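Step one of this worksheet: look at the structure below.
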Amino acid sequence: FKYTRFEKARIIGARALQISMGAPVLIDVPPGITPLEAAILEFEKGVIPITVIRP
Amino acid sequence: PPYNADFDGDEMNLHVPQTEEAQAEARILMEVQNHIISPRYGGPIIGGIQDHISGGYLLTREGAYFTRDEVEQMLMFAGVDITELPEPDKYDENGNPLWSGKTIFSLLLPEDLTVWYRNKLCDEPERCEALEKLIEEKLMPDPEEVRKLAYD
Amino acid sequence: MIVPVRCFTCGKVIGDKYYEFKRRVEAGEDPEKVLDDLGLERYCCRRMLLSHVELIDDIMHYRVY
Amino acid sequence: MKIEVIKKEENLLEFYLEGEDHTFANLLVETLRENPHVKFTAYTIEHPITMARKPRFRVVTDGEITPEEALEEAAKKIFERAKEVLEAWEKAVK
Amino acid sequence: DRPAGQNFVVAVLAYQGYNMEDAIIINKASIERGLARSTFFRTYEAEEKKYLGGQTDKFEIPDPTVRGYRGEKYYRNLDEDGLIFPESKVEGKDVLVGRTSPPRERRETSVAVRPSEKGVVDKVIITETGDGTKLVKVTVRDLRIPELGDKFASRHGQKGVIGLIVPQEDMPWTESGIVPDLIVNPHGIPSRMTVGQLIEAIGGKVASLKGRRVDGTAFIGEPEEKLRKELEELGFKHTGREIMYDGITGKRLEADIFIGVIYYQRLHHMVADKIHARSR
Amino acid sequence: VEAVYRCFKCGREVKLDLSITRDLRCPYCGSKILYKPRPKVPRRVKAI
Amino acid sequence: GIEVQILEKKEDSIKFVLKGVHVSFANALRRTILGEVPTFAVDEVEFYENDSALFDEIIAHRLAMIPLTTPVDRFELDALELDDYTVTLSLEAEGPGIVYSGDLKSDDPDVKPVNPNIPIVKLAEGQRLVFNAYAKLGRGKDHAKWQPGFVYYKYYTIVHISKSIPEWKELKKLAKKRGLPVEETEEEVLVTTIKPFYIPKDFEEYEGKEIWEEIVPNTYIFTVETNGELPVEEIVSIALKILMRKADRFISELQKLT
Ligand SMILES: [Mg+2]
Ligand SMILES: [Zn+2]
Ligand SMILES: [Zn+2]
């Protein structure tokens, strides 16, 4: 299994939206960063709750 | 090159995505890094244009040497992370050390890259034939032998 | 429109030498000798005196209050 | 003039020098380069517009002397050279 | 009698890569001393138009009660009669003529400067139209020192915007003491084949040194070999190249750099008129 | 309120009020165009 | 050792030879002279009436470009923080004629325009021009109006012309015509390039092999010109004082860091 770049983009978008809305961050982040790089770091660490469903 | 733009009055537009989904899409799907290789012919489309080629030739030209001051200054200007100069190649008449351009350029390449090809300056095919003969014969000739057979 | 005070390139003051140069050249002297006498060796300064136009007289006649 | 340190490892010092430009930076690095105990030293200006007056330095020694000692010695040598030139000029003009 | 442009001391040389792809590098001190400086005018027209039934608009400072009345700040430069004082500093969206029209209470119809413009009021005239209605015109002048993005072009179809304004002490100088006012990229010559530009550079150098202008009248002009010979006789290299020293390092450049005087004209495609951004 | 104006052609001094004047005219030469003179107040200009 | 030799000295420019110092030091001295030495210059103008054909900004710029005398003893010109002393210059003229720089009246007698013959603007019949101009110290790096003068240098080189070249007498006569010092040995003639010496076309083929240039290490020929704002010998002294003060300030800051 390998994430296509479209799947990765959608996962990052959804995670960033959830973080902005008020969801807790699963990892510690440096202060003064926007939700987007927070989600990017979350993905880079490999800690992602969202999963994709393929036909 | 990809934009096909020249600085003679050309104008450009920028749009700022607002929502988080759009920002993530732009960051992951549309960044300049991912579009180095052109979808059209499968080769690069981002690279040097005018000075990045001529200056590179000047730097790597046969018989071009640089003093210590120039070496340190150009390395710092390029942003290359270095903290000790390599061993000098050839000494100036009055005793100052010198560095050939080839080593300075080699300071940028990765540690295990290996490739060989013929460029556009090949005008004496016999020398290229000799070098290809040696390389094909061994696949890793001692760098001393290559130096005598060097050809730009 | 009036003569520049300083040379654009090197900043030497040449504003006061224009009328002298014009009057001397009109008298028939060699322009090169006149410029050398005035003390302008770099051609950056000589260009300012040689290529100047005095349009202030032409545009002075229309007043706006 | 105010030194802002970026990174301070062993035998290495990388810092900004706010309030200066090429005039003093080039003189300082060229004075440093003749010290036999300095392995590598250079300066650069990262951007000609935004960082026009904020040069960036990098000084590396061989461990015999700390980089601060090298910088102080270079500045002292600059001072001595300038004073000597001033005295010679004052003598020669009269 | 009505020239347009100035003579620049131009050196063909690559510099910091800030003049690649038709961009040019201009000297800061030359700009400060008056090179390429210009002024921009604009005229606004306001008419006291009479309507049917005798109702007419009127030139006066609008009361805060009228419809569409902008903030009091924008009327600070208005005289009582609704006409702005000449030589008064003005900025964007400031009104010039205070006019109120009958409703279709009274509504504001004042004339104000464009949102993305600024300057100083230069001339205000009052007069009557062809049917007896009052008419005023206001002229606003703006000082426009060259800045990044302004377009420059020579006479040989070589255009470009300035990419960097470099301080004088960083400009390379010549053994004869010449500091170029403009640096162009050598890569622009071979692909365009404008030899006339190089010949004009040599001719400008010769004319400046010799003290008289050089004729360039097409086919019967002065041959270039004569110009090269004259330049050689005057104490310069016959190729137009000179030894220059680097501004930053202070050392001597390895190559001999072509340098001369070239006529340059500043076009009106200036960045202060192109830039605009939309928020909502 | 009464204001000060200058003639376009003869450059003389002409005084009149627009809100009342039904016919703009320079009484000295008949010109139909008038200037608004510079106010006599100091203004600061930066020499840069 | 460091030593300075004077070549020539006019009333507004001086040419000397600096020896025994590195290229970086010479470049630093040139840059400090060009854009660190302070002078007086017009900064802000307060017009009262301007009926001339020129706009207010043009007249203000022309006033700014006018050189001004700068006292040496009263002010600490070598300091790194110039004081805010202000000099007011006024002018009131009208009628036909040309307004010259000599008509400016300065409240401070020590500061006044150097050259009283610079034209400012031409006034027709009846036009009036009244203003007050304010002057203050500044540096050349902030605006070119504060530059004290012009300065450049070049390498001190000696050109060797072998006697084996036919028609070398022509080259010697050309060098003498240019004004460069020239001396003859038994096998070659030596030319000192006080000014640039460019070889003619027909002698180019002998370059490198028979005509070669020798560069004397650590020797530069300077050339400093002034517009009268400061004495031509005080500029170098002020620049050297500025360099010393900058070095001392850097020492103090570095000591503070440690
Ligand atoms: Mg284009
Ligand atoms: Zn000049
Ligand atoms: Zn009249």
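Chain labels follow the order of the structure tokens: the first chain is A, the next B, and so on; residue numbering restarts at 1 in every chain, and ligands are counted from 1 in their shown order.
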
**Message:** From a backbone DSSP assignment, name each residue in range 72-121 of chain B labelled alpha helix (DSSP H), as a list in words.
**Reply:**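 Selection result, alpha helix (DSSP H) within range 72-121 of chain B: residues 72, 73, 74, 75, 76, 77, 78, 101, 102, 103, 104, 105 and 106 of chain B.
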
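The part of chain B that reaches within 9 Å of chain D is made up of residues 69, 72, 73, 74, 75, 76, 77, 82, 83, 84 and 85 of chain B, counting only C-alpha atoms.
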
**Message:** as JSON, numbers by chain, please: the residues near residue 20 in chain G (cut-off 10 Å, only C-alpha atoms, same-chain neighbours under 2 positions excluded).
**Reply:** {"D": [85], "G": [1, 2, 3, 4, 18, 22, 23, 217, 218, 219, 220]}

**Item:** Option closest in space to chain C, from F:24, F:7, F:14, F:45 [counting only C-alpha atoms]
**Value:**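 Selected residue with least distance to chain C: F:7.
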
**Request:** Would you mind listing the residues within 9 Å of ligand 3, counting only C-alpha atoms and all ligand atoms, as number ranges by chain?
**Result:** F: 6-14, 25-34
